[PDB]
Amino acid sequence: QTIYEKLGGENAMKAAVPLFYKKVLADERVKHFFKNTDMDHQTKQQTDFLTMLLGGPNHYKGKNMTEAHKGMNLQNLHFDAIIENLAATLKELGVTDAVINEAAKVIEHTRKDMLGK
Ligand code: HEM
């Protein structure tokens, strides 16, 4: 049983990523980072990336987390905002606190790869 299956699999991930961007794009701490970003592309990469990270099929062909955020000099508060919006998304979609916490614990290992790059 992977975290991806516990979340609801493909149809749940396809609903979660756009809801997560609706929340990120309303969040003052982070929305502006995406001003010049093709959000269709980004939704597809982030769907593939979280699907792979959370134990679903691995079709992620994008950049690593350092290259993805290179030049942005991201700060801790920006990563906390992302995790908070993803947790709020999964909660709103009906995922239990225990599964959200498992997912956040995997994603949290990426923090050192993207901050201050
Ligand atoms: C720390 C706060 C973060 C901010 C502000 C942020 C912002 C961004 C932005 C603006 C881009 C696209 C740059 C462009 O248009 O080329 C991007 C790329 C990406 N980000 Fe983040 N990100 C953050 C954290 C995360 C986290 C926690 C993850 C996954 C755990 C993630 C996964 C990705 C992925 C998969 C890409 C696509 C890379 C590709 O296109 O090859 N980011 N990020």
Side-chain angles (χ1 to χ4, degrees):
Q1 181 76 348
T2 55
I3 296 162
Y4 176 77
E5 291 172 313
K6 284 162 170 193
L7 266 350
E10 180 178 23
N11 292 351
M13 185 65 51
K14 288 183 172 193
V17 175
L19 176 50
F20 163 70
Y21 281 117
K22 175 178 175 194
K23 292 181 185 301
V24 164
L25 295 175
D27 190 324
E28 297 299 335
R29 291 169 288 185
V30 288
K31 65 184 202 211
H32 41 283
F33 287 98
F34 299 89
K35 168 169 185 225
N36 293 318
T37 293
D38 173 341
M39 290 309 296
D40 293 342
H41 196 249
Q42 176 71 8
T43 294
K44 194 255 206 239
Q45 297 300 308
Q46 182 72 275
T47 301
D48 289 343
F49 188 67
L50 294 173
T51 294
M52 175 273 292
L53 226 38
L54 304 177
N58 174 188
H59 294 305
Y60 179 59
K61 301 298 178 186
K63 287 172 187 203
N64 72 50
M65 292 297 101
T66 300
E67 292 164 332
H69 305 95
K70 192 177 219 190
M72 298 179 190
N73 199 11
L74 290 177
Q75 304 291 308
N76 211 56
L77 71 106
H78 301 302
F79 189 97
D80 286 351
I82 299 298
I83 295 290
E84 294 168 5
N85 285 297
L86 183 64
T89 294
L90 298 181
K91 172 99 304 224
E92 182 173 348
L93 298 171
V95 184
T96 60
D97 297 324
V99 172
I100 294 172
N101 184 49
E102 283 309 301
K105 278 177 45 183
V106 169
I107 296 162
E108 162 64 32
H109 286 106
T110 64
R111 184 188 298 264
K112 64 178 184 181
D113 295 322
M114 62 178 75
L115 299 188
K117 309 302 186 182

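Throughout, numbering of the chain's residues begins at 1 and tracks the sequence. Only this structure's heavy atoms are used, side chains among them; waters, hydrogens and symmetry mates stay out.
Looking at residues two or more places apart in sequence or on another chain, you find a ring pair (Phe, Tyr, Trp, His ring centres under 6.0 Å) between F49 and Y60. Not a single side-chain hydrogen bond (donor to acceptor under 3.5 Å, both in side chains) links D40 to another residue, sequence neighbours left out. Residues passing the side-chain hydrogen bond (donor to acceptor under 3.5 Å, both in side chains) test with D80, sequence neighbours excluded: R111.
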Worked verdict on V106 versus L54 for side-chain contact (heavy atoms from CB on, under 4.5 Å) = CA-CA 7 Å; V106 169; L54 304 177; 4.2 Å; yes
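Formation of a donor-acceptor pair under 3.5 Å by the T66 side chain with backbone atoms of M114 is not found in this model.
Within the structure, ring pair (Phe, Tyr, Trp, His ring centres under 6.0 Å) pairs that include any residue of residues 90-117 do not occur (at least two apart or interchain). Evaluation of the ring pair (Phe, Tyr, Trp, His ring centres under 6.0 Å) test over residues 67-105, restricted to residues two or more places apart or in two chains, returns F33-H78.
Salt bridge annotation for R29-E84: present, with a cationic side-chain nitrogen under 4.0 angstrom from a carboxylate oxygen. Using a 4.0 Å cut-off between charged nitrogen and carboxylate oxygen, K105 and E108 do not count as a salt-bridge pair.
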Can you give me every donor-acceptor pair (side chain of residues 8-15, partner residue at least two apart or in another chain, under 3.5 Å) with its distance?
| unit_1 | atom_1 | unit_2 | atom_2 | d |
| --- | --- | --- | --- | --- |
| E10 | OE2 | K14 | NZ | 3.4 |

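You'll find the side chain of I100 reaches within 4.5 Å of the side chain of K91, heavy atoms only. Between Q46 and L50, the closest side-chain pair of non-hydrogen atoms falls below 4.5 Å. Between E102 and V99, the closest side-chain pair of non-hydrogen atoms is not below 4.5 Å. Contact check for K23 versus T89: side-chain heavy atoms found under the 4.5 Å cut-off.
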